[PDB]
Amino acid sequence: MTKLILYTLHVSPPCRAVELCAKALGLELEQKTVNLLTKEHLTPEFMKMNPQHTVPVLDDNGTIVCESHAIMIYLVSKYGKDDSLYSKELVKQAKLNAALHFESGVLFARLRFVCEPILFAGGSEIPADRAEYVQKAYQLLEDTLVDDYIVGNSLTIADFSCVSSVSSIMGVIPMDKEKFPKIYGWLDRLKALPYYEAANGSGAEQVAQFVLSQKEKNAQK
């Protein structure tokens, strides 16, 4: 059997969402690291796989699947032993899709608006409005957490997506525990997963440390 290949970078939040999902599904990924600093994502071959030139990208026996949310849905749909991680039911699926688009359109987008300029454009200071954009995202997430998980009272791929970015950005933009108790309670649930630290926690800590290090290098230049 052809083993699954993930074009990936462990410090990348969307890549870690897929790693979490693969662990939950009992899948083993062959990880191929893609160095963005040396433009490994901008080779002709990579751009052929993904014209938007982002990681993660999955190669499943020749079938190329781009984009973390799409990859997770694909993996649950194809390999899941049940639909617990991503419901096939019309209404619950719609709740999950809404949450996944909140992650791409709000959580990750705003994370990137803060981190990208530091990592790729010599940024040495985070503009106040962009930090506040993230604070606003924390509040939106806090209000989304009406139940134990992002959607309902059991773990789903919406949790993997949201935690991958929240765990990263909270190491750069302070997330006040007195303001957002539900986010921290939810993080605690996810941290109890045996695969959480290896699939996500480690890389979330690593990326925040890298962002802060680069920001300081840039400031001290």
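Sequential numbering from 1, following the sequence displayed.
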query	finding
Mean temperature factor over C-alpha atoms, higher-scoring stretch between 66-74 and 28-36	28-36
Segment of higher mean CA temperature factor, 159-167 or 184-192	184-192
Out of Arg130, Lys136, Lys88, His101, highest CA B-factor residue	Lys88
Ranked against its chain, the third holding the CA B-factor of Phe120	highest
Third of chain Cα B-factors occupied by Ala208	middle
Chain third (lowest, middle, highest) by recorded CA B-factor, residue given as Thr144	middle
Third assignment of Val57 from its chain's C-alpha B-factors	lowest
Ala219 - Cα temperature factor, lowest/middle/highest third of chain	highest
